[PDB]
Number of protein chains: 6
Amino acid sequence: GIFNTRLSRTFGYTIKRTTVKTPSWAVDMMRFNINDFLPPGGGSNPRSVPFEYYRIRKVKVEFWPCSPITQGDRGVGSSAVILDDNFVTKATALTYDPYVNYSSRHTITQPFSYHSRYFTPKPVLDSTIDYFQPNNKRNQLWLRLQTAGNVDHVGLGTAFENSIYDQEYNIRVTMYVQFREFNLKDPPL
Amino acid sequence: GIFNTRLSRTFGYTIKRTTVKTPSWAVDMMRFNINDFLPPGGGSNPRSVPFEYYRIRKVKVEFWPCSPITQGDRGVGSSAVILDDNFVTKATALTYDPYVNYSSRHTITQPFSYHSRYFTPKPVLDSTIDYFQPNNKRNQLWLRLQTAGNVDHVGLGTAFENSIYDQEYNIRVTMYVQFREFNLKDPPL
Amino acid sequence: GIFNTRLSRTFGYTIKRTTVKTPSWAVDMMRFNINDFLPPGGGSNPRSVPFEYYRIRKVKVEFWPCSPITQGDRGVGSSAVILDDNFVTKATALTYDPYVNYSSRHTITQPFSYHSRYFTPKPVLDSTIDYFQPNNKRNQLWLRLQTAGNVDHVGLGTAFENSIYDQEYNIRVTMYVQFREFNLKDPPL
Amino acid sequence: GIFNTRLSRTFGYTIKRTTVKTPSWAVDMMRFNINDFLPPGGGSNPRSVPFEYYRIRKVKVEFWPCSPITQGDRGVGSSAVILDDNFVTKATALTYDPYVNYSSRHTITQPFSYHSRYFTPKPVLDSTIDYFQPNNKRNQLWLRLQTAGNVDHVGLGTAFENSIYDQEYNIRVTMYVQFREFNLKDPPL
Amino acid sequence: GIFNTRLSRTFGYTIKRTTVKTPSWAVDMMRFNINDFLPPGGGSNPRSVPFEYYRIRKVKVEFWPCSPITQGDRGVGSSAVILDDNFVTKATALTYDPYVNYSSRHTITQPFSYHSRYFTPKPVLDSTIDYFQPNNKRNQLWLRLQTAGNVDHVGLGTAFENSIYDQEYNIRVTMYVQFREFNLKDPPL
Amino acid sequence: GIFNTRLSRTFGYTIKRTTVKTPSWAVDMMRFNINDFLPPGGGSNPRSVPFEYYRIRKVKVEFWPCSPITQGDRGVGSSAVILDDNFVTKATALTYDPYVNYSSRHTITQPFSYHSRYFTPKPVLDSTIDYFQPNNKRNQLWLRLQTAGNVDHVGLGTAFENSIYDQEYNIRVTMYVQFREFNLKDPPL
Ligand SMILES: O=C(O)[C@@H]1O[C@@H](O[C@H]2[C@H](O)[C@@H](NS(=O)(=O)O)[C@@H](O)O[C@@H]2COS(=O)(=O)O)[C@H](OS(=O)(=O)O)[C@@H](O)[C@@H]1O[C@H]1O[C@H](COS(=O)(=O)O)[C@@H](O[C@@H]2O[C@@H](C(=O)O)[C@@H](O[C@H]3O[C@H](COS(=O)(=O)O)[C@@H](O)[C@H](O)[C@H]3NS(=O)(=O)O)[C@H](O)[C@H]2OS(=O)(=O)O)[C@H](O)[C@H]1NS(=O)(=O)O
């Protein structure tokens, strides 16, 4: 019983100002979990979408700027796809862009420019070995939609060039999911 | 955002015994409401299936017998489709089968025989005028999935021939519904 | 169990003379209810025609004159289709013809001439809102044949030029209906 | 104004037990009249189906058993079509099956088996001469739908083999009729 | 007598400022009535457009900004189509965008960006049941153009992200209507 | 914004009796103005049809008789088309029919006979020079729909033969007009 749908979530991210003169970059990570998109249900149905299995097909991360088009001290960054839960260490002012030479690098124009990334994440099945599957719609694993313990999906790391002014963003993540085995429970009343 | 699914519900019905010698029939009615198939949800989602609109496409009423194949004093009844909320009055021992000459009559062999009816019900929009639409999948009205006040659908009346022995049935109603406008709400936690 | 047929009825209508010199017109509406055409039945069958449902297809109004051809003080009037049960106000002698400019106007010669109209009426579901359907034979609704509470249909209003003489007509109505769901009941005797 | 419809009626028939050891048969007759299917009407319409003429096209006699499938002392009988109102004399325990060598004989398995007969009856126009028409849909006579004096149609005789146990049946006769000349009368009220 | 035309109306909407730091959204509703587009007439014609019936085909809601392109603290919202008169409750600072996961969601870039929505509304025939028709130009109901009591059409709800600065808009609603039955009345003078 | 419609108006005309023995004719004129067909509007809309420009395409003058078919002293007259506002002088009993030799003469049978004239009128732009355009639908001038000062259109003159009895007529003029530039004004309320 397949049901392809779309789930979204919005949150903020700010790159604080720095008095540093050099071009330094701010590094951070981004994971994706389905608990943040799918709330708990009620009653005999533990989740709000009554299905048993799921598998995330795609994610769309949108960096919607919060800064005016008149803001100066512009910069240039990079967003890369990291499917293994080993990101570059979080840094405030690093002397280089680590994600620049990555094959999945897209340039981030800053601060007042929109940046989208559309990709297929991978689940963290074993963080010790960090193995994942290649892209195959027919062979992608089905995970279970747990009650409160779903596994973290992974796949984006960023590097933003710091500035004299604060750079704020409203990040909207949209997960395109595919469920299976409609499992609604209908007790009496 | 269409989602065709199937919702079921099971309950009992008994035709008590009678010392009456004549062939008399027991008349009863059967309505269908979605509150009995779809429970209330939890939180910002008032229902367990997160959709706004619905329209019932078909219903399958199954009379599953509870009586052995050795039971005697067998009989013959009738099930008809009544799409207007004006049934023959409920009777214990009526001297005739009212639903026999109906164009939608199917014979009910009793007591140990299975009887199915598959039809398209109609909602009770105005019980004073009792108007309904003909069968058209493209023009069928969309109703709202209310929180605790959904409208009764209608469409089956029965007439069972009484017997010296009690005739029990387990009735399984299956509604084939079609929802629209996925409306999940995801507050923070 | 479809059954197309024809029903009719006859009654009188008169236009009393007026000493007024100006061209004045007399206004009156016309409703249509089935209880006037279909008497009650007898016994278990509340109506003489054993069906549950109906839906009117067409109506044919016939203004049969009662007057001679030699009558003078001839005039001219109009009739129009009105599907809301909010007609022009009834009037004796109005200084203009309200129904003249309506798109559904058919001229009326007076006093000794035949006049006919052939159209689709509509019912009165909600007199507050006064809504209905366009002409469609497939999507027309099915009403219930009540015992003593059928709904009034609508669809004609008139305007007759007054005169010095009394103008009397014999009005014949004819309905073309379509029943369904043969519902005869055969108790013993 | 033709209207083909279907009228039904249900009643009982029992073959009482006998201590006789031999194979004996119980003979009985079956006539069909429209008064038993069509009740009287009400008011100016003397009958409940407002038509003038009729002619019976077919009849379906169904012997629905009342006995369990575990009942022993089974037997074998015969049902024949007798279109002339001269049946074999009614007998309780006759030493042979009279209807066995009839060209219209169908075997009746007893007691827990269903038996149907579908045929075209004939009216009793003159019981002295006992003449009837062959089967012709285009040339079949139209009779009048009288008020309380309709003519008996004829066409089935049976022979049931007696048993130590009582053999009960619920007999459902269905007449497929064809009316003509819709004659509804609509007085005022 | 069909006449397709276009009626417009302009009004303001402001999202007041908030000292709240989090991303919160301001929720509001939008209904459409023809009294706000069609004024009352004069004399025997109760309305300024001399027709009897109407049905709204489409509506174009245009959010024309009032804010400069240099305004900061930008945001992202959502507009959805709600055809049933049960909107999300009006809120000043809600912790999430309720209309984000709706199938009819369009993103609203704020504050200095234009947003249009072009859709087919539905009338509020019964607010208790909240039923409406699917899109069909041939089967769309004709309503009556009342004098001062027309029914509210429905179909848009919004969610705007709050800001430190006031966000003003000039909203221009354009209804594309279709009238019927030209009913001009021409008394003497 | 073109809108072709039809506007009507009804009024009386009587040819009084004369004791004169000779055949004499009664001459009269007939002009057409849009103020007599289109009333004043209300509010910011000065007219009831909300358009700016107009041009009259055709006019249908219908002489509906008021006299019985038994009336004697019958006669013969003439109706001609006069597109220049210089009619034959109005006369009570003229010794000849002036409009008889006109190329646009149609015979008027009197008194109980219907007479129609269907033609294209012309406006009175300059009564001193009396110039008009030939018939061309594509090149016909657009006039302005003034508030209370529209220009008179012209085009019919008549000659009725007098009689011992009074000859009354109900004259129905129908103008087929074509408007342009829908100019509805919708202030607030
Ligand atoms: O059915 C009854 O409850 C009952 O009916 C009558 O008694 C007979 C039985 O019905 C009859 N059975 S059968 O079903 O016909 O087979 C039979 O057994 O004989 C009995 C006795 O008859 S006898 O006495 O004549 O011998 C009787 O009514 S009457 O015959 O009309 O007088 C009453 O006893 C009773 O009817 C009354 O109640 C119903 C149900 O409402 S409730 O009672 O409040 O629960 C009333 O229904 C009202 O109107 C409808 C409607 O017109 O659609 C609804 O109105 C809402 O929807 C419209 C829009 O409609 S639509 O266009 O979408 O289709 C809105 O525009 C309205 O604003 C809505 N109403 S509001 O917002 O609440 O105001 C709604 O169900 C209800 O609304 S309300 O009550 O008007 O508010 C019914 O009208 C009333 N009878 S009446 O006499 O007042 O007409």
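Structure determination for this PDB entry was carried out by cryo-EM, with a resolution of 3.4 Å recorded in the header.

(A) Representation of the overall build of chain A in the model. Along its length, chain A carries zero helices and 13 strands. In sequence order, chain A lays out its α and β elements as β-β-β-β-β-β-β-β-β-β-β-β-β. With respect to the three principal axes, the spread of C-alpha positions in chain A is 65 × 40 × 25 Å. Expressed as a percentage of the 189 residues in chain A, the buried residues total 50%. Considering only intrachain contacts with a sequence separation of at least 6, the fraction spanning at least 24 residues in chain A is 88%. A total of about 9400 Å² of accessible surface is found on chain A, and carbon and sulfur atoms cover 50% of it.

(B) Region of the structure containing the site of the ligand. Looking at the ligand, the residues that line it are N86, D126, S127 and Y131 of chain B, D126, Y131 and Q146 of chain C together with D126 and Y131 of chain E. The site occupied by the ligand is bordered by residues of chains B, C and E. In this structure, an oxygen atom belonging to the ligand sits 2.5 Å away from a side-chain N or O atom of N86 of chain B. In the environment of the ligand, an oxygen atom lies 3.0 Å from a nitrogen or oxygen atom belonging to the side chain of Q146 of chain C. Coverage of the ligand by the protein chains reaches 29% of its 1400 Å² of free accessible surface. A class-by-class count of the residues in the shell around the ligand yields three nonpolar, three polar and three charged.

(C) Here's a closer look at the relation of the copies chain C and chain D. It takes a turn of 180 degrees to lay chain C on chain D, together with a shift of 0.0 Å along the axis; the resulting RMSD is 0.3 Å. Classification of the inter-copy transformation places it as that of a two-fold axis. Considering only C-alpha atoms, the residue of chain C closest to the rotation axis is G42 of chain C, which sits at 2.0 Å. By residue overlap, the copies meet face to face through one surface: 96% of the interface positions of chain C are interface positions in chain D.

(D) How the structure looks around the interface of chain C and chain D. In this assembly, 23 residues from chain C lie in contact with 25 residues from chain D. Taken together, the two surfaces of chain C and chain D that pack against each other cover about 1500 Å², and 63% of this comes from carbon and sulfur. Summed over the three residues of chain C that lose the most area to chain D, namely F3, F182 and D186 of chain C, the buried surface amounts to 31% of that side. In this assembly, chain C and chain D are joined by zero salt bridges. Scanning the region where chain C abuts chain D turns up one residue pair in polar contact. When residues of the side of chain C that touches chain D are traced back to their parent elements, those giving at least two are strand 1 (3-15) and strand 3 (40-42) of chain C.

(E) Structural view of the interface of chain E and chain B. At the interface, 21 residues of chain E touch 23 residues of chain B. Of the roughly 1800 Å² buried between chain E and chain B, counting both surfaces, carbon and sulfur atoms make up 53%. Contact with chain B buries surface across chain E, with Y96, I129 and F132 of chain E losing the most and accounting together for 29% of the total. Across the chain E-chain B interface, the total number found is zero salt bridges.

(F) Up close: the arrangement of the chains. Ranking the nine pairs of chains in contact by number of contacts places chains C and D first. Left apart from each other, chain A and chain D have a closest C-alpha approach of 37 Å. The smallest C-alpha distance separating chain A from chain F is 37 Å, and no contact links them.

(G) Examining the environment of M175 of chain C more closely. Residues and elements named next belong to chain C. With respect to the secondary-structure elements, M175 resides in strand 14 (residues 167-182). Given a relative accessible area of 1%, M175 falls into the buried group. Expressed as a C-alpha distance, the spacing of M175 and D73, which sit 102 residues apart in the sequence, is 34 Å. In contact with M175, other than residues within four places in its own chain, are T5, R6, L7, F37, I56 and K58.

(H) Seen up close, the relation of the copies chain E and chain B. Under the fitted operation, chain E is carried onto chain B by 0.1 Å of movement along the axis and a turn of 120 degrees, and the coordinates agree to an RMSD of 0.0 Å. One copy is carried onto the other by what is essentially a three-fold rotation axis. The position closest to the rotation axis in chain E is occupied by the C-alpha of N139 of chain E, lying 5.0 Å away. An asymmetric contact is evident, with only 10% of the interface residues of chain E recurring at the interface of chain B.

(I) Main features of a nonpolar patch on the surface. Residue and element names in this part refer to chain A. A cluster of nonpolar side chains, namely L125, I129, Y131 and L141, defines an oily patch on the protein surface of about 390 Å² accessible area. Within the secondary structure, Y131 sits in the loop between strand 10 (122-123) and strand 11 (143-144). The class of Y131 is partly exposed, set by a relative accessible area of 45%.

(J) Looking closely at the nonpolar core. In terms of nonpolar packing, the biggest core is built from 166 residues, with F32 and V61 of chain A, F32, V61 and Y99 of chain B together with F32 and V61 of chain D touching the most fellow members. Setting aside chain neighbours within four positions, we find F32 of chain A in contact with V59, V61, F119, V151, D152, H153, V154, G155, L156, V173 and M175 of chain A. Among the nonpolar cores identified, the runner-up in size contains 81 residues, and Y53 of chain B, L156 of chain E together with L38 and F179 of chain F belong to it.

(K) How the structure looks around the packing of aromatic side chains. Residues and elements named next belong to chain E. Enumeration according to the criterion identifies 82 aromatic pairs over all chains in this entry. Ring centres 5.9 Å apart and planes at 15 degrees place the aromatic pair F3 and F51 in the stacked group. Highlighted residues: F3 in strand 1 (residues 3-15) and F51 in strand 5 (residues 51-65), separated in sequence by 48 residues. Each member of the pair, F3 together with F51, is buried. Pairing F63 with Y169 gives two aromatic rings, centres 6.3 Å apart and planes at 90 degrees, and the pair type is edge-to-face. With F63 in strand 5 and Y169 in strand 13 (residues 167-182), this residue pair connects regions lying 106 residues apart in the sequence. Note on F63: relative accessible area 1%, which makes it buried. Looking at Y169, the relative accessible area reads 2%, which means it is buried.

(L) Just the side chain of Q178 of chain D, in detail. All names here are of chain D. Relative to the assigned elements, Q178 resides in strand 13 (residues 167-182). A polar contact of 2.8 Å, which involves the side chain of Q178, links it to the side chain of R55. A polar atom in the side chain of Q178 sits 2.6 Å from the side chain of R57. Setting aside residues no more than four positions away along its own chain, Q178 makes contact with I2, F3, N4, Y53, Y54, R55, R57 and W142.

(M) Spotlight on the pairing of strand 9 (residues 115-119) of chain E. All names here are of chain E. Here strand 9 shows a buried face lined by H115, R117 and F119 and an unburied face lined by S116 and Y118. Across five bridges, the pairing between strand 5 and strand 9 is antiparallel. Note that in strand 9 the partner of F63 across the bridge is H115.

(N) Seen up close, the pattern of salt bridges. All names here are of chain F. Across all of its chains, the model carries 21 salt bridges over all chains by this definition. Ionic pairing is found between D166 and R17, a salt bridge with its closest N-O pair at 3.0 Å. With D166 in the loop between strand 12 (153-161) and strand 13 (167-182) and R17 in the loop between strand 1 (3-15) and strand 2 (25-32), this pair connects stretches of sequence that are 149 residues apart. In this structure, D85 and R31 form a salt bridge, with 2.4 Å as the shortest nitrogen-oxygen distance. Here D85 is found in the loop between strand 6 (75-80) and strand 7 (91-94), whereas its partner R31 is found in strand 2, with 54 residues between them in sequence.

Criteria and thresholds
- Residues numbered from 1 in each chain as written, not as in the entry; some residues may be left out.
- Chains lettered and ligands numbered in written order.
- Part of a larger assembly, values for the part shown.
- Heavy atoms only, no water.
- Helix = DSSP H or I, 4+ residues; strand = E, 2+ residues; numbered from the N terminus.
- Buried < 20%, exposed > 50% of the residue type's maximum accessible area, 1.4 Å probe, protein only.
- Contact = heavy atoms within 4.5 Å.
- Areas by Shrake-Rupley, 256 points an atom, 1.4 Å probe, with all protein chains shown as cover.
- Near = heavy atom within 4 Å.
- Polar contact = N/O pair within 3.5 Å; in protein donor to acceptor, adjacent residues only side chain to side chain.
- Nonpolar A, V, L, I, M, F, W, Y, C, P; charged D, E, K, R; others polar.
- Least-squares fit on C-alpha atoms.
- Buried area = accessible area lost by both parts, 1.4 Å probe.
- Salt bridge = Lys/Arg side-chain N within 4 Å of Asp/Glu carboxyl O.
- Patch = residues over 30% accessible without salt bridge, like charges linked within 9 Å, V, L, I, M, F, W, Y side chains within 5 Å.
- Core = buried A, V, L, I, M, F, W, Y, C linked by side-chain atoms within 4.5 Å.
- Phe/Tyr/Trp six-rings, centres within 6.5 Å; stacked < 30°, edge-to-face > 60°.
- Pairing = 2+ DSSP bridges.

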